[PDB]
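Undergrad: Below is one structure. I have some questions about it.
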Amino acid sequence: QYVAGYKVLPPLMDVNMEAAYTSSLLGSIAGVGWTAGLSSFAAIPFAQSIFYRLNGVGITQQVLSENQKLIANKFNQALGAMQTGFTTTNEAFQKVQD
Amino acid sequence: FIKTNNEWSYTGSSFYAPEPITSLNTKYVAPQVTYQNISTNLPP
Amino acid sequence: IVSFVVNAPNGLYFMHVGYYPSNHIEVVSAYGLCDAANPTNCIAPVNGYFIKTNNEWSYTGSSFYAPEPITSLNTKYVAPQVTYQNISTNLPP
Ligand SMILES: *[C@@H]1O[C@H](CO)[C@@H](O[C@@H]2O[C@H](CO)[C@@H](O)[C@H](O)[C@H]2NC(C)=O)[C@H](O)[C@H]1NC(C)=O
Ligand SMILES: *[C@@H]1O[C@H](CO)[C@@H](O[C@@H]2O[C@H](CO)[C@@H](O)[C@H](O)[C@H]2NC(C)=O)[C@H](O)[C@H]1NC(C)=O
């Protein structure tokens, strides 16, 4: 960096600021989306959140009320599938490398 | 408004699960020619 | 809420008037009021929240704390859920 000589500026905020922003957004993602308008806050437990979100897209309440465990296991394996997925096959990882 | 082999029933839009119709999943709309007629088993 | 459009010496200049909340408080609400004697007849609030408050439940909106007793005008009939809070002592109409 100095052999030719050029500065590399650090980013505008320290890593803890990004950590705080992501933590706040992850803590609010369960609560913002329950009612139109962002004045109120609805920090529901995440189970009832995903129940209502999956109900609103064309699922009757009966099947979600009787089959919490199977959809929960499906959610768990779906989230765990991408832990080992970081390879060349990931488009977003390739864009990060690019 | 699914037909059953188990006489209509209700199903949603993203999972196959027939279940009996109520007032909780329909709306009263003015008639059209293409709507089916029934006079045997009245829905609730 | 509203917006306005005016010209600019090389473009378009925009006013936007929007809602800005403040003095936020914390209250205790439920998810659905349903009769214990009739487990089918359960209702849910529309664009608001069923609220427990003091001078029994009431209705509140979604952008301002305006307590008001519930009617059919701000609720809809929804199928029973086990997580809905029950009531058996003072049934709203
Ligand atoms: C159910 O019966 C009604 C009563 O006849 C039918 O409705 C009319 O059908 C005639 C026949 O073509 C039309 O000219 C009218 O315009 C219809 N009126 C209305 C209000 O829809 C209806 O088509 C029948 N539905 C069936 C057989 O599925
Ligand atoms: C309100 O009362 C109803 C009926 O008594 C309760 O619903 C049942 O609760 C039991 C025990 O929790 C469950 O085993 C049943 O499966 C529930 N029935 C249905 C149709 O879900 C309900 O839990 C009560 N709610 C509260 C907050 O007390």
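Ordered as shown in the structure tokens, chains take letters A, B, and onward, while each chain numbers its residues from 1 and ligands are numbered from 1 in the order shown.
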Taking the backbone alone, and naming residues the way the document does, which bits of stretch 4-87 of chain C are strand (DSSP E or B) by DSSP, as a tab-separated table (two decimals) with N, CA, C and O atoms, in the first residue's frame?
TA:
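Contents of the output file out_39.tsv:
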chain	number	residue	atom	x	y	z
C	4	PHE	N	-46.33	16.69	-2.65
C	4	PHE	CA	-46.51	17.82	-3.55
C	4	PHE	C	-45.31	17.90	-4.49
C	4	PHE	O	-44.19	17.56	-4.12
C	5	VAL	N	-45.57	18.38	-5.70
C	5	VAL	CA	-44.57	18.42	-6.77
C	5	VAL	C	-44.46	19.85	-7.28
C	5	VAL	O	-45.47	20.47	-7.63
C	6	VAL	N	-43.23	20.37	-7.33
C	6	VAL	CA	-42.95	21.68	-7.88
C	6	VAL	C	-41.74	21.57	-8.80
C	6	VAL	O	-41.02	20.57	-8.80
C	7	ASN	N	-41.54	22.60	-9.61
C	7	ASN	CA	-40.41	22.61	-10.53
C	7	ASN	C	-39.14	23.08	-9.82
C	7	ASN	O	-39.19	23.68	-8.74
C	8	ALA	N	-38.01	22.80	-10.45
C	8	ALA	CA	-36.69	23.16	-9.96
C	8	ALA	C	-35.86	23.58	-11.16
C	8	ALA	O	-36.09	23.09	-12.27
C	11	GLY	N	-34.72	20.48	-12.53
C	11	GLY	CA	-35.39	19.23	-12.22
C	11	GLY	C	-36.74	19.32	-11.52
C	11	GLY	O	-37.50	20.27	-11.73
C	12	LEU	N	-37.02	18.34	-10.67
C	12	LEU	CA	-38.31	18.22	-10.00
C	12	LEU	C	-38.08	18.18	-8.49
C	12	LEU	O	-37.21	17.44	-8.02
C	13	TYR	N	-38.85	18.97	-7.75
C	13	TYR	CA	-38.64	19.16	-6.33
C	13	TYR	C	-39.89	18.71	-5.58
C	13	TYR	O	-41.01	19.04	-5.99
C	14	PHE	N	-39.71	17.93	-4.52
C	14	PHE	CA	-40.77	17.13	-3.92
C	14	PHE	C	-40.93	17.49	-2.45
C	14	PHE	O	-39.95	17.48	-1.69
C	15	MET	N	-42.16	17.78	-2.05
C	15	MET	CA	-42.58	17.79	-0.65
C	15	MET	C	-43.25	16.47	-0.30
C	15	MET	O	-44.04	15.95	-1.08
C	16	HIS	N	-42.93	15.94	0.87
C	16	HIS	CA	-43.60	14.76	1.38
C	16	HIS	C	-43.96	14.99	2.84
C	16	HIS	O	-43.08	15.16	3.68
C	17	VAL	N	-45.26	15.01	3.13
C	17	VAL	CA	-45.76	15.17	4.48
C	17	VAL	C	-46.21	13.80	4.96
C	17	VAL	O	-47.06	13.16	4.33
C	28	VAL	N	-50.77	-3.65	27.33
C	28	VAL	CA	-50.95	-5.10	27.28
C	28	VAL	C	-52.14	-5.41	26.39
C	28	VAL	O	-53.26	-4.98	26.67
C	29	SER	N	-51.89	-6.17	25.33
C	29	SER	CA	-52.91	-6.53	24.35
C	29	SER	C	-53.00	-8.04	24.19
C	29	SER	O	-52.16	-8.79	24.69
C	33	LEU	N	-60.40	-12.21	21.01
C	33	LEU	CA	-61.34	-12.40	22.10
C	33	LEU	C	-62.41	-13.39	21.66
C	33	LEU	O	-63.02	-13.22	20.60
C	34	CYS	N	-62.62	-14.43	22.46
C	34	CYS	CA	-63.56	-15.49	22.12
C	34	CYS	C	-64.29	-15.94	23.37
C	34	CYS	O	-63.69	-16.02	24.45
C	35	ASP	N	-65.58	-16.23	23.22
C	35	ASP	CA	-66.40	-16.66	24.35
C	35	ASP	C	-66.00	-18.06	24.80
C	35	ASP	O	-65.73	-18.93	23.97
C	42	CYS	N	-65.50	-16.43	17.76
C	42	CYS	CA	-64.31	-15.66	18.09
C	42	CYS	C	-64.17	-14.54	17.08
C	42	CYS	O	-64.46	-14.73	15.89
C	43	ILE	N	-63.72	-13.37	17.54
C	43	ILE	CA	-63.53	-12.22	16.66
C	43	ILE	C	-62.10	-11.73	16.78
C	43	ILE	O	-61.40	-12.02	17.75
C	44	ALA	N	-61.67	-10.99	15.77
C	44	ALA	CA	-60.33	-10.43	15.71
C	44	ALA	C	-60.40	-8.97	15.30
C	44	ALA	O	-61.26	-8.59	14.49
C	45	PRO	N	-59.51	-8.12	15.83
C	45	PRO	CA	-59.56	-6.70	15.47
C	45	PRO	C	-59.08	-6.46	14.05
C	45	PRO	O	-58.29	-7.22	13.49
C	49	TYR	N	-55.81	-3.28	17.56
C	49	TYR	CA	-55.47	-4.26	18.59
C	49	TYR	C	-56.55	-4.27	19.66
C	49	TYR	O	-57.03	-3.21	20.08
C	50	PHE	N	-56.92	-5.47	20.10
C	50	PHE	CA	-57.74	-5.61	21.30
C	50	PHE	C	-56.89	-5.30	22.52
C	50	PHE	O	-55.84	-5.93	22.72
C	51	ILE	N	-57.33	-4.35	23.33
C	51	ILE	CA	-56.50	-3.75	24.37
C	51	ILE	C	-57.13	-4.00	25.73
C	51	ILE	O	-58.36	-3.97	25.88
C	52	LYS	N	-56.29	-4.33	26.71
C	52	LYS	CA	-56.67	-4.27	28.11
C	52	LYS	C	-56.14	-2.97	28.70
C	52	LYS	O	-54.93	-2.71	28.63
C	58	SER	N	-61.10	-3.44	25.14
C	58	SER	CA	-61.51	-2.34	24.27
C	58	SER	C	-60.73	-2.46	22.96
C	58	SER	O	-59.98	-3.42	22.75
C	59	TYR	N	-60.90	-1.48	22.08
C	59	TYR	CA	-60.19	-1.44	20.81
C	59	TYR	C	-59.22	-0.27	20.80
C	59	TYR	O	-59.51	0.79	21.37
C	60	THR	N	-58.08	-0.46	20.15
C	60	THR	CA	-57.18	0.63	19.82
C	60	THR	C	-56.77	0.51	18.37
C	60	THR	O	-56.80	-0.58	17.79
C	68	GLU	N	-61.26	2.76	22.88
C	68	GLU	CA	-62.64	2.79	22.42
C	68	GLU	C	-63.23	1.38	22.50
C	68	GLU	O	-62.54	0.41	22.14
C	75	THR	N	-64.03	-5.07	13.75
C	75	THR	CA	-63.62	-6.45	13.97
C	75	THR	C	-64.15	-7.32	12.84
C	75	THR	O	-65.01	-6.91	12.06
C	76	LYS	N	-63.60	-8.53	12.75
C	76	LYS	CA	-64.08	-9.52	11.79
C	76	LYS	C	-64.08	-10.89	12.45
C	76	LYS	O	-63.30	-11.16	13.36
C	77	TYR	N	-64.97	-11.75	11.97
C	77	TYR	CA	-65.10	-13.09	12.53
C	77	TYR	C	-64.03	-14.01	11.96
C	77	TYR	O	-63.93	-14.18	10.74
C	85	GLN	N	-57.11	-15.35	23.56
C	85	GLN	CA	-57.44	-15.14	24.96
C	85	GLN	C	-58.95	-15.26	25.15
C	85	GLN	O	-59.73	-14.67	24.40
C	86	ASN	N	-59.35	-16.03	26.15
C	86	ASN	CA	-60.75	-16.31	26.40
C	86	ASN	C	-61.37	-15.22	27.27
C	86	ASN	O	-60.68	-14.45	27.94
C	87	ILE	N	-62.70	-15.16	27.25
C	87	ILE	CA	-63.45	-14.23	28.08
C	87	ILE	C	-64.79	-14.87	28.43
C	87	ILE	O	-65.40	-15.56	27.60
Undergrad: Could you give me the residues within 7 Å of ligand 2, counting only C-alpha atoms and all ligand atoms, as a compact mmCIF listing (two decimals) with C-alpha atoms, in the first residue's frame?
TA:
# COMPACT_ATOMS: atom_id res chain seq x y z
CA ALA C 36 -65.70 -19.59 26.65
CA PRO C 39 -65.79 -21.67 21.42
CA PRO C 80 -61.00 -20.23 16.73
CA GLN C 81 -57.37 -20.62 17.77
CA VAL C 82 -56.00 -22.14 20.98
CA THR C 83 -53.76 -19.10 21.57
CA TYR C 84 -56.66 -16.62 21.55
CA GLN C 85 -57.44 -15.14 24.96
CA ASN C 86 -60.75 -16.31 26.40
Undergrad: I'd like to know which of A:58, A:16, A:29, A:79 is closest to chain B, using only C-alpha atoms.
TA: A:58
Undergrad: What residues have any atom no more than 6 Å from ligand 1 when counting only C-alpha atoms and all ligand atoms, and can you list them as a PyMOL selection string?
TA: chain B and resi 31-37
Undergrad: For C-alpha atoms, I'd like the residues from the last selection saved as an mmCIF file, in the first residue's frame.
TA:
data_model
loop_
_atom_site.group_PDB
_atom_site.id
_atom_site.type_symbol
_atom_site.label_atom_id
_atom_site.label_comp_id
_atom_site.auth_asym_id
_atom_site.auth_seq_id
_atom_site.Cartn_x
_atom_site.Cartn_y
_atom_site.Cartn_z
ATOM 1 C CA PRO B 31 -75.238 -14.049 -9.175
ATOM 2 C CA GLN B 32 -73.677 -14.715 -12.564
ATOM 3 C CA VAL B 33 -74.695 -17.171 -15.277
ATOM 4 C CA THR B 34 -71.606 -19.379 -14.946
ATOM 5 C CA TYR B 35 -72.143 -20.125 -11.242
ATOM 6 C CA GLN B 36 -73.270 -23.655 -10.400
ATOM 7 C CA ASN B 37 -76.736 -24.311 -9.003
#
Undergrad: Based on only C-alpha atoms, which of the residues in chain A come within 10 Å of chain B? I want them as a VMD selection string.
TA: chain A and resid 54 to 55 57 to 63
Undergrad: Only N, CA and C atoms, please: the residues just picked out, written as a PDB file, in the first residue's frame.
TA:
ATOM      1  N   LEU A  54     -47.554 -17.262   7.203  1.00  0.00           N
ATOM      2  CA  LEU A  54     -47.872 -18.386   6.337  1.00  0.00           C
ATOM      3  C   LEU A  54     -49.373 -18.549   6.140  1.00  0.00           C
ATOM      4  N   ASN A  55     -50.188 -18.076   7.086  1.00  0.00           N
ATOM      5  CA  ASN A  55     -51.633 -18.102   6.899  1.00  0.00           C
ATOM      6  C   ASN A  55     -52.083 -17.072   5.876  1.00  0.00           C
ATOM      7  N   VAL A  57     -50.785 -16.119   3.114  1.00  0.00           N
ATOM      8  CA  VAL A  57     -50.429 -16.374   1.725  1.00  0.00           C
ATOM      9  C   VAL A  57     -51.246 -17.524   1.132  1.00  0.00           C
ATOM     10  N   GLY A  58     -52.397 -17.836   1.719  1.00  0.00           N
ATOM     11  CA  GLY A  58     -53.282 -18.825   1.137  1.00  0.00           C
ATOM     12  C   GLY A  58     -53.204 -20.198   1.771  1.00  0.00           C
ATOM     13  N   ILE A  59     -53.055 -20.238   3.091  1.00  0.00           N
ATOM     14  CA  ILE A  59     -53.056 -21.478   3.856  1.00  0.00           C
ATOM     15  C   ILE A  59     -54.140 -21.374   4.915  1.00  0.00           C
ATOM     16  N   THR A  60     -54.998 -22.389   4.990  1.00  0.00           N
ATOM     17  CA  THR A  60     -56.006 -22.431   6.038  1.00  0.00           C
ATOM     18  C   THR A  60     -55.356 -22.620   7.404  1.00  0.00           C
ATOM     19  N   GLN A  61     -56.013 -22.077   8.430  1.00  0.00           N
ATOM     20  CA  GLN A  61     -55.454 -22.100   9.775  1.00  0.00           C
ATOM     21  C   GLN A  61     -55.458 -23.492  10.392  1.00  0.00           C
ATOM     22  N   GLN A  62     -56.294 -24.400   9.886  1.00  0.00           N
ATOM     23  CA  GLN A  62     -56.426 -25.722  10.491  1.00  0.00           C
ATOM     24  C   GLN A  62     -55.148 -26.539  10.341  1.00  0.00           C
ATOM     25  N   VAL A  63     -54.585 -26.573   9.130  1.00  0.00           N
ATOM     26  CA  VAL A  63     -53.420 -27.415   8.875  1.00  0.00           C
ATOM     27  C   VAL A  63     -52.190 -26.885   9.604  1.00  0.00           C
TER      28      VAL A  63
END
Undergrad: Select, as a list in words, those residues of chain B with any atom no more than 10 Å from chain C (distances computed using only C-alpha atoms).
TA: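 Putting it all together, I get residues 22, 23, 24 and 25 of chain B.
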Undergrad: Can you spit out the residues from that selection as a PDB file, in the first residue's frame, using N, CA, C and O atoms?
TA:
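File produced: out-v1.pdb:
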ATOM      1  N   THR B  22     -67.942 -22.613   5.703  1.00  0.00           N
ATOM      2  CA  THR B  22     -68.672 -21.836   6.695  1.00  0.00           C
ATOM      3  C   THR B  22     -68.873 -20.436   6.134  1.00  0.00           C
ATOM      4  O   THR B  22     -68.614 -20.172   4.956  1.00  0.00           O
ATOM      5  N   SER B  23     -69.349 -19.529   6.984  1.00  0.00           N
ATOM      6  CA  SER B  23     -69.400 -18.119   6.629  1.00  0.00           C
ATOM      7  C   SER B  23     -68.061 -17.423   6.820  1.00  0.00           C
ATOM      8  O   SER B  23     -67.928 -16.254   6.442  1.00  0.00           O
ATOM      9  N   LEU B  24     -67.075 -18.108   7.390  1.00  0.00           N
ATOM     10  CA  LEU B  24     -65.788 -17.517   7.714  1.00  0.00           C
ATOM     11  C   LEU B  24     -64.831 -17.477   6.532  1.00  0.00           C
ATOM     12  O   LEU B  24     -63.723 -16.953   6.671  1.00  0.00           O
ATOM     13  N   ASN B  25     -65.227 -18.017   5.377  1.00  0.00           N
ATOM     14  CA  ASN B  25     -64.306 -18.115   4.252  1.00  0.00           C
ATOM     15  C   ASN B  25     -64.965 -17.794   2.912  1.00  0.00           C
ATOM     16  O   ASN B  25     -64.451 -18.206   1.866  1.00  0.00           O
TER      17      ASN B  25
END
Undergrad: Tell me as a compact mmCIF listing (two decimals) with N, CA and C atoms, in the first residue's frame which residues belonging to chain C come within 8 Å of chain A, counting only C-alpha atoms.
TA:
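Saved to out14.txt:
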# COMPACT_ATOMS: atom_id res chain seq x y z
N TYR C 20 -45.35 11.19 11.85
CA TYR C 20 -44.19 11.01 12.72
C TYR C 20 -44.66 10.76 14.14
N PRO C 21 -44.59 9.52 14.63
CA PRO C 21 -45.05 9.23 15.99
C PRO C 21 -44.01 9.61 17.03
N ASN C 47 -57.27 -3.66 11.61
CA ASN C 47 -56.38 -2.50 11.60
C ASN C 47 -56.19 -1.92 13.00
N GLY C 48 -56.05 -2.81 13.98
CA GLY C 48 -55.92 -2.37 15.35
C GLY C 48 -55.61 -3.53 16.27
N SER C 62 -53.85 1.73 15.23
CA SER C 62 -52.51 1.27 14.91
C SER C 62 -51.49 2.39 14.76
N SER C 63 -51.88 3.64 14.98
CA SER C 63 -50.94 4.75 14.93
C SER C 63 -51.14 5.75 16.05
N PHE C 64 -52.14 5.56 16.91
CA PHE C 64 -52.39 6.47 18.01
C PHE C 64 -53.17 5.73 19.09
N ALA C 79 -61.85 -17.86 12.61
CA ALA C 79 -61.93 -19.21 13.16
C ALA C 79 -61.16 -19.32 14.47
N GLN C 81 -58.73 -20.17 17.55
CA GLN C 81 -57.37 -20.62 17.77
C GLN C 81 -57.15 -20.86 19.26
Undergrad: Quick one: residues within 9 Å of stretch 41-43 of chain B, only C-alpha atoms counted, chain neighbours fewer than 4 positions away excluded, as a PDB file with N, CA and C atoms, in the first residue's frame?
TA:
ATOM      1  N   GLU B   7     -71.952 -31.978  -3.131  1.00  0.00           N
ATOM      2  CA  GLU B   7     -71.110 -32.194  -1.961  1.00  0.00           C
ATOM      3  C   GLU B   7     -69.770 -31.487  -2.130  1.00  0.00           C
ATOM      4  N   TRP B   8     -69.725 -30.211  -1.761  1.00  0.00           N
ATOM      5  CA  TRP B   8     -68.517 -29.411  -1.873  1.00  0.00           C
ATOM      6  C   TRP B   8     -67.840 -29.273  -0.514  1.00  0.00           C
ATOM      7  N   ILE B  21     -67.326 -25.910   4.449  1.00  0.00           N
ATOM      8  CA  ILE B  21     -67.452 -24.473   4.246  1.00  0.00           C
ATOM      9  C   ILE B  21     -68.274 -23.856   5.368  1.00  0.00           C
ATOM     10  N   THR B  22     -67.942 -22.613   5.703  1.00  0.00           N
ATOM     11  CA  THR B  22     -68.672 -21.836   6.695  1.00  0.00           C
ATOM     12  C   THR B  22     -68.873 -20.436   6.134  1.00  0.00           C
TER      13      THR B  22
END
Undergrad: Can you tell me how far atom CA of residue A:21 sits from atom CA of residue C:30, in Å to one decimal?
TA: 29.1 Å
Undergrad: Among chain A, which ones does DSSP assign to alpha helix (DSSP H) (computed from the backbone)? Answer as number ranges by chain.
TA: A: 15-32, 46-55, 61-66, 68-81, 91-97
